[PDB]
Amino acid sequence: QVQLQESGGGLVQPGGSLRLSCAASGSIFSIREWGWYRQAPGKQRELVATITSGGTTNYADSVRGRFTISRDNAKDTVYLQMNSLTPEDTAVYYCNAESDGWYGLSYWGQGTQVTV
């Protein structure tokens, strides 16, 4: 099993920056893909950024360029660097991990609030 714990969220003004951290522990060997997702009040959860164990990154159109996802393998931490935070980026940001194999489990964090 893999445990995920987000941090780094908070209240900022337009144009500010914020680095989200996702600390992972447990069966890290099984995680083929890491991801960041956000859920604004009243709207569906949407993809923000993903990175595979091999380093393939993908971003949503609305965040590409000003958001950056990366993994620190030594610290088992997936970071999401957010810049140029417009008020439309206000949501609960969740960390996600996808396991290898067609049977693989999906893991989700507890979320961290980003109000801008």
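Note that residue numbering begins at 1 and tracks the sequence as displayed.
Q: Taking only the CA atoms, which stretch has the higher mean B-factor in the record, 66 to 74 or 25 to 33?
A: For C-alpha atoms only, the mean B-factor is higher in 66 to 74.
Q: Between 106 to 114 and 3 to 11, point out the one with the higher average CA B-factor as the PDB entry records it.
A: According to the PDB entry, the answer is 3 to 11.
Q: Divide the modelled residues of the chain into thirds by Cα B-factor and specify which third, lowest, middle or highest, holds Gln39.
A: Ranked within chain, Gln39 CA B lands in the middle tercile.
Q: Thinking about Cα B factors across the chain, which third does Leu85 belong to?
A: Answer is highest: the recorded C-alpha B-factor places it there.
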